[PDB]
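Chemist: Let me begin by handing over the structure; questions about it come next.
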Amino acid sequence: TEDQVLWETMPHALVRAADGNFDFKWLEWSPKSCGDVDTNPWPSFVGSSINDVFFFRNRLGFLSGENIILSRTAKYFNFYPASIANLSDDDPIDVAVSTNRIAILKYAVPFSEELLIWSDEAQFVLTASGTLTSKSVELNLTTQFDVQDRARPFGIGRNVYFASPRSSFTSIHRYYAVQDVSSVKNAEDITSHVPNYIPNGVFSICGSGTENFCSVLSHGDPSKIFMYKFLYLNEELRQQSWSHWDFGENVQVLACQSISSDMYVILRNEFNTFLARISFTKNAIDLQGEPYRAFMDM
Amino acid sequence: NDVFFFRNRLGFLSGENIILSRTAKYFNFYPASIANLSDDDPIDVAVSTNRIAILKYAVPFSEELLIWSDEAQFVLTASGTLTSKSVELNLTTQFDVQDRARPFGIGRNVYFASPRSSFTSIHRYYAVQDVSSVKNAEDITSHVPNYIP
Amino acid sequence: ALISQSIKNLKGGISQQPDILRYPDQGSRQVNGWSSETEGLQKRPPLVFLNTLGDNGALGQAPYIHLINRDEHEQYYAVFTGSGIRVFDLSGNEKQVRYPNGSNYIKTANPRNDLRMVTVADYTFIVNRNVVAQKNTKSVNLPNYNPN
């Protein structure tokens, strides 16, 4: 039998050293032990593609063509049980997503208690009935909504925001957990009154729970950061606002992330590539001096 | 980062980990015998997230002793007995919380701060009425910002 | 006969619904705005400059970006160009990106459609969605082993 995966067609890593620079290492995926080909099976991602890395109850996990492959409990880089004699409740699990239709897994977002896993036409909740995780781990499909494959569903509060594939002028959807039932999910439409506004390719979804907004970049008109500012108050939403920030014409905004209340933005001119800091201060002064916080765009 | 008690077990937070001690004896982080695992052994449950979360507090709220970290919030309860090696850990509500104030509980609520840049905020942290176990965080400075520096 | 209204809370946001559909306060186009709750409708915060990065093609034509917050004094970008990785600090500097195992895994014509990065507190992980995880041959335990 063979006892290795090729260490190059597997996901790599990016670990920093104490020198300051970033290394780009492979991962030493541990050798197969204690079994055969016919009783210690290949881990059901060794003939297809991996789409995501996700952690779930001490277990590193990959998505696959249709499969979910969680690793061993104590040790992340190991997809084989310690001994195929005496199955010992910490063994890696191979739960194929059982559907009626075709669904290739593409993301994994933790939502309420569940770490549910989305794929392009349906949505799948990965929890077990019994212990933490044995070979007995359930997998069911809650809500069969459509979701674009090029944006990662980003969570802000109790919600998770994501995009949907219209042909042109796409949409963004709020993804609930409803109040009345125990465990029924739901997806509304928070562009239901503003379609024809966000062009085609949602490739990044930002957000910040501090200043309470969600924004969306797009490769259909890349000079625009499509802000969606909201404010929940007594469980009823009181502000469905939209805007779009331009940073000057012929300027491409190619990223957006936000540490607590500072939105660090790199943005591309037709000559250079910048980096910036959008601070949500109220009356404070940005740079040292500046008698009135001059609104200056650079 | 923190000391917290949970079902006769002394516990620490860590870089991302939760380390609960032995059931009868507080100052012991090792099982009595690694032959015959005996249901009172210390547990090492790493908080499994999608993103980065370094644990910073532990506040008991409704039935759960949930554990907060700076961008997400984590409930530490098990499915089965009290606490074996099988102890679950899931993230309920992904709110932002400042790292220099301890979330204080009064009644059914727990109050805490949030990192705005200047003129920060305070949030009421619910357990909602309708669902079984859905948490929520409102804003009780939503009509008074620009007041607490 | 001399009607007056007072649209009092312009939090709003654009709505391309027709005229006899809307709520109050919404608007038909809003650029560079910021609709807070108590204070009404501000000009957006003014984008403080930090250090530049390079030329026009210093990053890829459509790269993949993922911010890393490990600590309060350890913050990094990670741009996935179609040929290799650059890494920028949050102050505008640049660290070097070594490749001791060979890169051959980030090279993709469309990096944001095809590469990922999932970052946890102890490790980082990048996944190419185009490379098939191949079975290792030529590393069997015992070569032939006539079992009798």
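Residue names in the structure tokens use chain letters A, B, ... in the order shown, residue numbers from 1 in each chain, and ligand numbers from 1 in the order shown.
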Hey, could you make a per-residue contact list for chain B against chain C with 12 Å as the cut-off, showing the nearest pair of atoms and its distance in Å to one decimal, counting only C-alpha atoms, sorted by chain and number, as JSON lines?

Modeler:
```
{"residue": "B:14", "atom": "CA", "partner": "C:121", "partner_atom": "CA", "distance": 10.9}
{"residue": "B:15", "atom": "CA", "partner": "C:121", "partner_atom": "CA", "distance": 7.4}
{"residue": "B:16", "atom": "CA", "partner": "C:121", "partner_atom": "CA", "distance": 6.6}
{"residue": "B:17", "atom": "CA", "partner": "C:121", "partner_atom": "CA", "distance": 10.0}
{"residue": "B:46", "atom": "CA", "partner": "C:121", "partner_atom": "CA", "distance": 10.5}
{"residue": "B:47", "atom": "CA", "partner": "C:121", "partner_atom": "CA", "distance": 9.7}
{"residue": "B:48", "atom": "CA", "partner": "C:120", "partner_atom": "CA", "distance": 8.6}
{"residue": "B:49", "atom": "CA", "partner": "C:120", "partner_atom": "CA", "distance": 7.1}
{"residue": "B:50", "atom": "CA", "partner": "C:120", "partner_atom": "CA", "distance": 6.8}
{"residue": "B:51", "atom": "CA", "partner": "C:120", "partner_atom": "CA", "distance": 5.3}
{"residue": "B:52", "atom": "CA", "partner": "C:120", "partner_atom": "CA", "distance": 4.7}
{"residue": "B:53", "atom": "CA", "partner": "C:121", "partner_atom": "CA", "distance": 6.4}
{"residue": "B:54", "atom": "CA", "partner": "C:121", "partner_atom": "CA", "distance": 7.0}
{"residue": "B:55", "atom": "CA", "partner": "C:121", "partner_atom": "CA", "distance": 10.3}
{"residue": "B:69", "atom": "CA", "partner": "C:121", "partner_atom": "CA", "distance": 11.8}
{"residue": "B:70", "atom": "CA", "partner": "C:71", "partner_atom": "CA", "distance": 10.8}
{"residue": "B:71", "atom": "CA", "partner": "C:69", "partner_atom": "CA", "distance": 10.6}
{"residue": "B:99", "atom": "CA", "partner": "C:72", "partner_atom": "CA", "distance": 10.8}
{"residue": "B:139", "atom": "CA", "partner": "C:37", "partner_atom": "CA", "distance": 11.8}
{"residue": "B:141", "atom": "CA", "partner": "C:38", "partner_atom": "CA", "distance": 10.4}
{"residue": "B:142", "atom": "CA", "partner": "C:37", "partner_atom": "CA", "distance": 7.7}
{"residue": "B:143", "atom": "CA", "partner": "C:38", "partner_atom": "CA", "distance": 6.4}
{"residue": "B:144", "atom": "CA", "partner": "C:38", "partner_atom": "CA", "distance": 7.9}
{"residue": "B:145", "atom": "CA", "partner": "C:38", "partner_atom": "CA", "distance": 7.8}
{"residue": "B:146", "atom": "CA", "partner": "C:38", "partner_atom": "CA", "distance": 9.9}
```

Chemist: Produce a file of the selected residues containing N, CA and C atoms, as an mmCIF file, in the first residue's frame.

Modeler:
```cif
data_model
loop_
_atom_site.group_PDB
_atom_site.id
_atom_site.type_symbol
_atom_site.label_atom_id
_atom_site.label_comp_id
_atom_site.auth_asym_id
_atom_site.auth_seq_id
_atom_site.Cartn_x
_atom_site.Cartn_y
_atom_site.Cartn_z
ATOM 1 N N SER B 14 -6.521 30.672 26.774
ATOM 2 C CA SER B 14 -5.190 30.532 26.215
ATOM 3 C C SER B 14 -5.116 31.300 24.917
ATOM 4 N N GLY B 15 -4.130 30.962 24.088
ATOM 5 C CA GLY B 15 -4.042 31.553 22.763
ATOM 6 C C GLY B 15 -5.293 31.345 21.937
ATOM 7 N N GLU B 16 -5.787 30.116 21.880
ATOM 8 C CA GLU B 16 -7.089 29.904 21.273
ATOM 9 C C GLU B 16 -7.805 28.796 22.037
ATOM 10 N N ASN B 17 -7.189 28.306 23.100
ATOM 11 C CA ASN B 17 -7.594 27.049 23.702
ATOM 12 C C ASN B 17 -8.362 27.271 24.998
ATOM 13 N N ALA B 46 -9.773 23.135 21.614
ATOM 14 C CA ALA B 46 -9.399 24.326 20.876
ATOM 15 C C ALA B 46 -10.630 24.921 20.227
ATOM 16 N N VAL B 47 -10.751 26.237 20.318
ATOM 17 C CA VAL B 47 -11.903 26.934 19.771
ATOM 18 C C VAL B 47 -11.777 26.927 18.258
ATOM 19 N N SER B 48 -12.649 26.177 17.609
ATOM 20 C CA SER B 48 -12.591 25.976 16.171
ATOM 21 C C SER B 48 -13.386 27.079 15.499
ATOM 22 N N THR B 49 -12.688 27.952 14.791
ATOM 23 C CA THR B 49 -13.297 29.088 14.132
ATOM 24 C C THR B 49 -12.966 29.053 12.652
ATOM 25 N N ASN B 50 -13.615 29.947 11.924
ATOM 26 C CA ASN B 50 -13.220 30.235 10.560
ATOM 27 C C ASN B 50 -12.110 31.268 10.537
ATOM 28 N N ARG B 51 -12.100 32.170 11.510
ATOM 29 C CA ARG B 51 -11.248 33.351 11.538
ATOM 30 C C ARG B 51 -10.428 33.344 12.828
ATOM 31 N N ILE B 52 -9.727 34.435 13.108
ATOM 32 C CA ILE B 52 -8.821 34.486 14.252
ATOM 33 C C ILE B 52 -9.588 34.967 15.473
ATOM 34 N N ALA B 53 -9.426 34.269 16.597
ATOM 35 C CA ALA B 53 -10.122 34.642 17.824
ATOM 36 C C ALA B 53 -9.301 34.177 19.018
ATOM 37 N N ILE B 54 -8.727 35.119 19.759
ATOM 38 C CA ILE B 54 -7.936 34.817 20.946
ATOM 39 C C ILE B 54 -8.787 35.094 22.169
ATOM 40 N N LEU B 55 -8.984 34.074 22.998
ATOM 41 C CA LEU B 55 -9.960 34.135 24.078
ATOM 42 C C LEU B 55 -9.536 35.099 25.172
ATOM 43 N N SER B 69 -14.351 36.497 22.829
ATOM 44 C CA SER B 69 -13.027 36.850 22.330
ATOM 45 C C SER B 69 -13.136 37.862 21.190
ATOM 46 N N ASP B 70 -13.230 39.139 21.533
ATOM 47 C CA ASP B 70 -12.717 40.262 20.749
ATOM 48 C C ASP B 70 -13.338 40.467 19.362
ATOM 49 N N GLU B 71 -13.879 39.422 18.746
ATOM 50 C CA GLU B 71 -14.632 39.562 17.517
ATOM 51 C C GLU B 71 -15.757 38.545 17.408
ATOM 52 N N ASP B 99 -11.348 44.804 24.805
ATOM 53 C CA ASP B 99 -10.571 43.816 25.532
ATOM 54 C C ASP B 99 -10.153 44.272 26.917
ATOM 55 N N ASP B 139 -27.966 47.893 21.212
ATOM 56 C CA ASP B 139 -27.092 49.037 21.447
ATOM 57 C C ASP B 139 -27.837 50.000 22.356
ATOM 58 N N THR B 141 -26.420 52.608 23.681
ATOM 59 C CA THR B 141 -25.976 53.959 23.380
ATOM 60 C C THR B 141 -26.335 54.335 21.953
ATOM 61 N N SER B 142 -27.349 53.682 21.382
ATOM 62 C CA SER B 142 -27.762 53.960 20.013
ATOM 63 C C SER B 142 -28.358 55.342 19.857
ATOM 64 N N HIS B 143 -28.878 55.918 20.930
ATOM 65 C CA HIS B 143 -29.373 57.276 20.894
ATOM 66 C C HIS B 143 -28.483 58.237 21.651
ATOM 67 N N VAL B 144 -27.491 57.745 22.384
ATOM 68 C CA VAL B 144 -26.466 58.632 22.926
ATOM 69 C C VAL B 144 -25.092 58.135 22.504
ATOM 70 N N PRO B 145 -24.624 58.405 21.307
ATOM 71 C CA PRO B 145 -23.189 58.285 21.075
ATOM 72 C C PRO B 145 -22.562 59.606 21.432
ATOM 73 N N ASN B 146 -21.252 59.725 21.226
ATOM 74 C CA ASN B 146 -20.493 60.946 21.492
ATOM 75 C C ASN B 146 -20.607 61.369 22.951
#
```

Chemist: Determine, counting only C-alpha atoms, which protein, DNA and RNA residues have an atom within 12 Å of an atom of stretch 131-134 of chain C; residues of the same chain fewer than 6 positions away are not included. Present the result as a PyMOL selection string.

Modeler: (chain A and resi 4-12+42-51+62+64-65) or (chain C and resi 104-108+114-115)

Chemist: Next, dump the selected residues to file, keeping only N, CA and C atoms, as a PDB file, in the first residue's frame.

Modeler:
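Below is the file that was written, out.pdb:
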```pdb
ATOM      1  N   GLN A   4       1.183   8.023   1.639  1.00  0.00           N
ATOM      2  CA  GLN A   4       1.495   9.443   1.621  1.00  0.00           C
ATOM      3  C   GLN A   4       0.599  10.106   0.593  1.00  0.00           C
ATOM      4  N   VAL A   5       0.378  11.388   0.771  1.00  0.00           N
ATOM      5  CA  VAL A   5      -0.150  12.235  -0.284  1.00  0.00           C
ATOM      6  C   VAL A   5       0.982  13.170  -0.680  1.00  0.00           C
ATOM      7  N   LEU A   6       1.047  13.539  -1.965  1.00  0.00           N
ATOM      8  CA  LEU A   6       2.255  14.084  -2.589  1.00  0.00           C
ATOM      9  C   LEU A   6       2.849  15.380  -2.057  1.00  0.00           C
ATOM     10  N   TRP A   7       2.251  15.995  -1.031  1.00  0.00           N
ATOM     11  CA  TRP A   7       2.785  17.162  -0.322  1.00  0.00           C
ATOM     12  C   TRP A   7       2.936  18.430  -1.158  1.00  0.00           C
ATOM     13  N   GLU A   8       2.579  18.381  -2.434  1.00  0.00           N
ATOM     14  CA  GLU A   8       2.635  19.530  -3.314  1.00  0.00           C
ATOM     15  C   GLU A   8       1.295  19.842  -3.926  1.00  0.00           C
ATOM     16  N   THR A   9       0.467  18.835  -4.154  1.00  0.00           N
ATOM     17  CA  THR A   9      -0.888  19.031  -4.613  1.00  0.00           C
ATOM     18  C   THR A   9      -1.852  19.203  -3.458  1.00  0.00           C
ATOM     19  N   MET A  10      -1.342  19.274  -2.249  1.00  0.00           N
ATOM     20  CA  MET A  10      -2.108  19.519  -1.042  1.00  0.00           C
ATOM     21  C   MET A  10      -2.095  21.017  -0.762  1.00  0.00           C
ATOM     22  N   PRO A  11      -2.933  21.534   0.138  1.00  0.00           N
ATOM     23  CA  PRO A  11      -2.815  22.945   0.512  1.00  0.00           C
ATOM     24  C   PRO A  11      -1.530  23.232   1.267  1.00  0.00           C
ATOM     25  N   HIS A  12      -0.856  24.300   0.859  1.00  0.00           N
ATOM     26  CA  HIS A  12       0.327  24.788   1.546  1.00  0.00           C
ATOM     27  C   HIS A  12      -0.058  25.652   2.731  1.00  0.00           C
ATOM     28  N   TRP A  42      -8.617   5.610   1.155  1.00  0.00           N
ATOM     29  CA  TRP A  42      -8.096   6.900   0.762  1.00  0.00           C
ATOM     30  C   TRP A  42      -9.081   7.991   1.172  1.00  0.00           C
ATOM     31  N   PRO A  43      -8.594   9.158   1.554  1.00  0.00           N
ATOM     32  CA  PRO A  43      -9.431  10.068   2.339  1.00  0.00           C
ATOM     33  C   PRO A  43     -10.471  10.862   1.562  1.00  0.00           C
ATOM     34  N   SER A  44     -10.837  10.418   0.358  1.00  0.00           N
ATOM     35  CA  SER A  44     -11.937  10.953  -0.448  1.00  0.00           C
ATOM     36  C   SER A  44     -11.719  12.397  -0.871  1.00  0.00           C
ATOM     37  N   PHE A  45     -10.474  12.846  -0.930  1.00  0.00           N
ATOM     38  CA  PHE A  45     -10.147  14.064  -1.654  1.00  0.00           C
ATOM     39  C   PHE A  45      -8.916  13.873  -2.526  1.00  0.00           C
ATOM     40  N   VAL A  46      -8.459  12.643  -2.692  1.00  0.00           N
ATOM     41  CA  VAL A  46      -7.215  12.379  -3.376  1.00  0.00           C
ATOM     42  C   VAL A  46      -7.442  12.093  -4.857  1.00  0.00           C
ATOM     43  N   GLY A  47      -8.603  12.447  -5.383  1.00  0.00           N
ATOM     44  CA  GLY A  47      -8.834  12.306  -6.802  1.00  0.00           C
ATOM     45  C   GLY A  47      -9.556  13.506  -7.360  1.00  0.00           C
ATOM     46  N   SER A  48      -9.711  14.531  -6.535  1.00  0.00           N
ATOM     47  CA  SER A  48     -10.490  15.692  -6.914  1.00  0.00           C
ATOM     48  C   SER A  48      -9.884  16.905  -6.228  1.00  0.00           C
ATOM     49  N   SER A  49     -10.638  17.992  -6.182  1.00  0.00           N
ATOM     50  CA  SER A  49     -10.132  19.284  -5.760  1.00  0.00           C
ATOM     51  C   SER A  49     -10.619  19.633  -4.363  1.00  0.00           C
ATOM     52  N   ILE A  50      -9.807  20.401  -3.650  1.00  0.00           N
ATOM     53  CA  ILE A  50     -10.148  20.928  -2.336  1.00  0.00           C
ATOM     54  C   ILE A  50     -10.568  22.375  -2.515  1.00  0.00           C
ATOM     55  N   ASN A  51     -11.607  22.797  -1.806  1.00  0.00           N
ATOM     56  CA  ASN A  51     -12.103  24.152  -1.963  1.00  0.00           C
ATOM     57  C   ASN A  51     -11.964  25.031  -0.737  1.00  0.00           C
ATOM     58  N   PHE A  62     -11.500  19.698   5.238  1.00  0.00           N
ATOM     59  CA  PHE A  62     -11.547  20.163   3.871  1.00  0.00           C
ATOM     60  C   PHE A  62     -12.910  19.876   3.274  1.00  0.00           C
ATOM     61  N   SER A  64     -14.614  19.209  -0.678  1.00  0.00           N
ATOM     62  CA  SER A  64     -14.161  18.362  -1.764  1.00  0.00           C
ATOM     63  C   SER A  64     -15.147  18.450  -2.903  1.00  0.00           C
ATOM     64  N   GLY A  65     -15.108  17.460  -3.794  1.00  0.00           N
ATOM     65  CA  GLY A  65     -16.093  17.383  -4.860  1.00  0.00           C
ATOM     66  C   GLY A  65     -17.518  17.349  -4.349  1.00  0.00           C
TER      67      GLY A  65
ATOM     68  N   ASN C 104       4.847  27.317  -7.527  1.00  0.00           N
ATOM     69  CA  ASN C 104       4.149  26.388  -8.425  1.00  0.00           C
ATOM     70  C   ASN C 104       2.704  26.047  -8.022  1.00  0.00           C
ATOM     71  N   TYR C 105       2.111  26.855  -7.147  1.00  0.00           N
ATOM     72  CA  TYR C 105       0.814  26.600  -6.548  1.00  0.00           C
ATOM     73  C   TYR C 105      -0.021  27.856  -6.457  1.00  0.00           C
ATOM     74  N   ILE C 106       0.608  29.024  -6.530  1.00  0.00           N
ATOM     75  CA  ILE C 106      -0.105  30.284  -6.555  1.00  0.00           C
ATOM     76  C   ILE C 106      -0.300  30.763  -7.990  1.00  0.00           C
ATOM     77  N   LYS C 107       0.470  30.224  -8.932  1.00  0.00           N
ATOM     78  CA  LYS C 107       0.451  30.675 -10.322  1.00  0.00           C
ATOM     79  C   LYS C 107      -0.858  30.278 -10.983  1.00  0.00           C
ATOM     80  N   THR C 108      -1.762  31.242 -11.115  1.00  0.00           N
ATOM     81  CA  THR C 108      -3.074  31.024 -11.697  1.00  0.00           C
ATOM     82  C   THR C 108      -3.436  32.259 -12.509  1.00  0.00           C
ATOM     83  N   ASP C 114      -9.942  31.453  -7.721  1.00  0.00           N
ATOM     84  CA  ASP C 114      -9.391  30.113  -7.701  1.00  0.00           C
ATOM     85  C   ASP C 114      -8.536  29.807  -6.479  1.00  0.00           C
ATOM     86  N   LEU C 115      -7.914  30.805  -5.870  1.00  0.00           N
ATOM     87  CA  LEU C 115      -7.169  30.596  -4.640  1.00  0.00           C
ATOM     88  C   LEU C 115      -8.008  31.008  -3.446  1.00  0.00           C
TER      89      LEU C 115
END
```

Chemist: Could you please select, counting only C-alpha atoms, the residues of chain A within 9 Å of chain B and state them as a short mmCIF file (atom, residue, chain, number, x, y, z; two decimals) with N, CA and C atoms, in the first residue's frame?

Modeler:
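part05.cif, written as the output of this step:
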```cif
data_model
loop_
_atom_site.label_atom_id
_atom_site.label_comp_id
_atom_site.auth_asym_id
_atom_site.auth_seq_id
_atom_site.Cartn_x
_atom_site.Cartn_y
_atom_site.Cartn_z
N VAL A 53 -10.66 25.37 3.75
CA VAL A 53 -10.16 24.88 5.02
C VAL A 53 -11.09 25.39 6.11
N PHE A 54 -11.50 24.51 7.01
CA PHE A 54 -12.40 24.91 8.06
C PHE A 54 -12.18 24.06 9.29
N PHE A 55 -12.27 24.70 10.44
CA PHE A 55 -12.08 24.06 11.73
C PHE A 55 -13.43 23.77 12.37
N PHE A 56 -13.53 22.60 12.99
CA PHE A 56 -14.78 22.17 13.58
C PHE A 56 -14.52 21.13 14.66
N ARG A 57 -14.59 21.55 15.93
CA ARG A 57 -14.40 20.70 17.11
C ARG A 57 -13.05 19.99 17.06
N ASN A 58 -11.99 20.80 17.14
CA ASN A 58 -10.59 20.38 17.18
C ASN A 58 -10.15 19.69 15.89
N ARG A 59 -10.94 19.71 14.84
CA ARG A 59 -10.64 18.93 13.65
C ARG A 59 -10.45 19.85 12.46
N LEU A 60 -9.29 19.75 11.82
CA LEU A 60 -9.10 20.43 10.56
C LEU A 60 -9.95 19.74 9.52
N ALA A 74 -6.92 15.38 18.01
CA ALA A 74 -5.81 16.09 18.63
C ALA A 74 -4.86 16.69 17.61
N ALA A 108 -17.62 27.36 3.97
CA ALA A 108 -17.96 26.87 5.30
C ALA A 108 -17.96 28.04 6.26
N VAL A 109 -19.13 28.44 6.72
CA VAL A 109 -19.27 29.63 7.55
C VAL A 109 -19.98 29.26 8.84
N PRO A 110 -19.42 29.57 10.00
CA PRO A 110 -20.12 29.28 11.25
C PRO A 110 -21.18 30.31 11.53
N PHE A 111 -22.40 29.88 11.84
CA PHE A 111 -23.51 30.81 11.90
C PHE A 111 -24.15 30.96 13.27
N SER A 112 -24.77 29.91 13.81
CA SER A 112 -25.40 30.04 15.11
C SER A 112 -24.89 29.03 16.12
N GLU A 113 -24.98 27.76 15.81
CA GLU A 113 -24.37 26.74 16.65
C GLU A 113 -23.80 25.63 15.80
N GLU A 114 -23.65 25.82 14.51
CA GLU A 114 -23.76 24.70 13.59
C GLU A 114 -22.58 24.50 12.67
N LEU A 115 -21.90 25.56 12.25
CA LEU A 115 -20.86 25.55 11.23
C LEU A 115 -21.44 24.96 9.95
N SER A 129 -25.70 13.95 16.09
CA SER A 129 -26.68 13.55 17.09
C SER A 129 -26.02 12.55 18.03
N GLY A 130 -25.63 13.01 19.21
CA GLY A 130 -24.93 12.15 20.15
C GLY A 130 -23.75 12.83 20.81
N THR A 131 -22.56 12.31 20.56
CA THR A 131 -21.32 12.84 21.12
C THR A 131 -20.89 14.07 20.31
N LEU A 132 -19.62 14.47 20.43
CA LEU A 132 -19.10 15.51 19.55
C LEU A 132 -19.20 15.13 18.08
N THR A 133 -18.38 14.16 17.70
CA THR A 133 -18.19 13.75 16.32
C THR A 133 -17.63 12.35 16.39
N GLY A 155 -20.04 37.31 8.02
CA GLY A 155 -20.97 37.43 9.13
C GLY A 155 -20.68 38.70 9.92
N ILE A 156 -21.75 39.38 10.32
CA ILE A 156 -21.58 40.58 11.12
C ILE A 156 -22.11 40.38 12.52
N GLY A 157 -23.41 40.17 12.64
CA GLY A 157 -23.98 39.97 13.95
C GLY A 157 -24.63 38.61 14.05
N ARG A 158 -25.95 38.61 14.07
CA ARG A 158 -26.70 37.37 13.98
C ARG A 158 -26.90 36.96 12.53
N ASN A 159 -26.50 37.79 11.59
CA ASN A 159 -26.72 37.53 10.18
C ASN A 159 -25.42 37.13 9.49
N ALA A 177 -31.53 33.49 11.14
CA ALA A 177 -32.12 32.39 11.89
C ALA A 177 -33.43 32.92 12.43
N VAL A 178 -34.54 32.26 12.09
CA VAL A 178 -35.84 32.84 12.38
C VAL A 178 -36.12 32.78 13.88
N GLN A 179 -37.10 33.56 14.30
CA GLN A 179 -37.38 33.66 15.72
C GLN A 179 -38.26 32.52 16.21
N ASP A 180 -39.24 32.11 15.41
CA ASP A 180 -40.33 31.30 15.94
C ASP A 180 -39.93 29.84 16.08
N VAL A 181 -39.33 29.26 15.04
CA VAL A 181 -39.04 27.83 15.07
C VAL A 181 -37.75 27.67 15.85
N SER A 182 -37.39 26.44 16.18
CA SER A 182 -36.08 26.17 16.76
C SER A 182 -34.96 26.46 15.77
N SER A 183 -34.93 25.73 14.65
CA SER A 183 -33.75 25.70 13.80
C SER A 183 -34.11 25.85 12.32
N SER A 208 -18.03 45.52 9.44
CA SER A 208 -17.54 45.79 10.78
C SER A 208 -18.73 45.84 11.71
N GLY A 209 -18.65 45.09 12.79
CA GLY A 209 -19.70 45.14 13.78
C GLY A 209 -19.70 46.38 14.63
N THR A 210 -18.64 47.17 14.59
CA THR A 210 -18.57 48.36 15.42
C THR A 210 -19.41 49.48 14.82
N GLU A 211 -19.09 49.89 13.60
CA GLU A 211 -19.82 50.97 12.96
C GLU A 211 -21.05 50.50 12.20
N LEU A 231 -28.85 49.32 11.23
CA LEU A 231 -28.87 49.50 12.68
C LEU A 231 -30.08 48.74 13.23
N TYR A 232 -29.82 47.65 13.92
CA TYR A 232 -30.87 46.93 14.62
C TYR A 232 -31.12 47.56 15.98
N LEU A 233 -32.39 47.62 16.37
CA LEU A 233 -32.77 48.21 17.64
C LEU A 233 -34.09 47.59 18.04
N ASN A 234 -34.09 46.85 19.16
CA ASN A 234 -35.22 46.04 19.64
C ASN A 234 -35.68 45.03 18.59
N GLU A 235 -34.72 44.33 17.99
CA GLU A 235 -34.90 43.21 17.07
C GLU A 235 -35.62 43.59 15.77
N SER A 260 -11.04 47.21 13.86
CA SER A 260 -12.24 47.57 14.62
C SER A 260 -13.04 48.77 14.13
N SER A 261 -12.39 49.90 13.92
CA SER A 261 -13.09 51.03 13.33
C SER A 261 -12.22 51.76 12.33
N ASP A 262 -11.26 51.06 11.74
CA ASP A 262 -10.37 51.62 10.74
C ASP A 262 -10.40 50.73 9.51
N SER A 279 -10.84 56.28 8.86
CA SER A 279 -11.09 56.25 10.29
C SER A 279 -12.43 56.90 10.59
N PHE A 280 -13.27 56.20 11.36
CA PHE A 280 -14.61 56.67 11.65
C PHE A 280 -14.68 57.56 12.87
N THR A 281 -13.61 58.30 13.15
CA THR A 281 -13.60 59.27 14.24
C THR A 281 -14.62 60.37 14.00
N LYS A 282 -15.11 60.96 15.09
CA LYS A 282 -16.21 61.90 14.99
C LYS A 282 -15.72 63.34 14.90
N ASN A 283 -14.99 63.80 15.91
CA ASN A 283 -14.42 65.14 15.89
C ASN A 283 -12.91 65.14 16.03
N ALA A 284 -12.28 63.98 16.14
CA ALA A 284 -10.84 63.90 16.29
C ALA A 284 -10.15 64.29 15.00
#
```

Chemist: Taking only C-alpha atoms into account, what are the residues of chain C at most 6 Å from chain A, put as a ChimeraX atom specification?

Modeler: /C:12-16,30-32,45-50,52-56,95-99,113,124-127,129,132-136,140

Chemist: Any chance you could export the current selection's C-alpha atoms as a compact mmCIF listing (two decimals), in the first residue's frame?

Modeler:
```
# COMPACT_ATOMS: atom_id res chain seq x y z
CA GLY C 12 -32.41 56.56 3.76
CA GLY C 13 -30.17 55.14 1.14
CA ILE C 14 -30.79 54.94 -2.57
CA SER C 15 -33.86 53.14 -3.84
CA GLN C 16 -34.49 52.73 -7.55
CA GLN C 30 -26.13 59.02 -2.88
CA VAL C 31 -22.37 59.24 -3.45
CA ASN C 32 -19.67 59.41 -0.75
CA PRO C 45 -14.26 59.88 6.40
CA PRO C 46 -11.43 61.26 4.33
CA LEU C 47 -9.05 58.34 3.49
CA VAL C 48 -5.76 59.10 5.27
CA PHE C 49 -2.75 58.23 3.13
CA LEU C 50 -0.29 55.48 3.96
CA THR C 52 2.44 53.32 -1.62
CA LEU C 53 3.13 49.86 -2.92
CA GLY C 54 4.45 49.94 -6.48
CA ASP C 55 3.60 50.39 -10.15
CA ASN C 56 0.29 49.65 -11.86
CA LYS C 95 8.04 41.92 4.05
CA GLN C 96 9.71 39.33 1.83
CA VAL C 97 8.00 36.11 0.79
CA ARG C 98 10.31 33.10 0.60
CA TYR C 99 9.60 29.91 -1.34
CA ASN C 113 -11.67 32.93 -8.53
CA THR C 124 -2.52 30.00 7.97
CA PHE C 125 -3.77 27.87 5.11
CA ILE C 126 -4.05 28.57 1.39
CA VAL C 127 -5.95 26.32 -1.01
CA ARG C 129 -9.13 25.17 -6.19
CA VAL C 132 -6.07 18.05 -8.08
CA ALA C 133 -4.67 16.38 -4.97
CA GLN C 134 -2.69 13.55 -6.51
CA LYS C 135 -2.02 10.15 -5.02
CA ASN C 136 1.60 9.52 -4.10
CA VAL C 140 4.94 2.01 -1.03
```

Chemist: Considering only C-alpha atoms, state which residue in the set C:8, C:66, C:86, C:22 is at the smallest distance from residue C:116.

Modeler: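 Nearest candidate to residue C:116 out of C:8, C:66, C:86, C:22: C:66.
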
Chemist: If you run DSSP on this backbone, which residues of stretch 59-130 of chain C come out as strand (DSSP E or B), and could you give them as a list in words?

Modeler: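 Of stretch 59-130 of chain C, only residues 64, 65, 68, 69, 70, 71, 74, 75, 76, 79, 80, 85, 86, 87, 88, 89, 94, 95, 97, 115, 116, 117, 118, 119, 124, 125, 126, 127 and 128 of chain C fall in strand (DSSP E or B).
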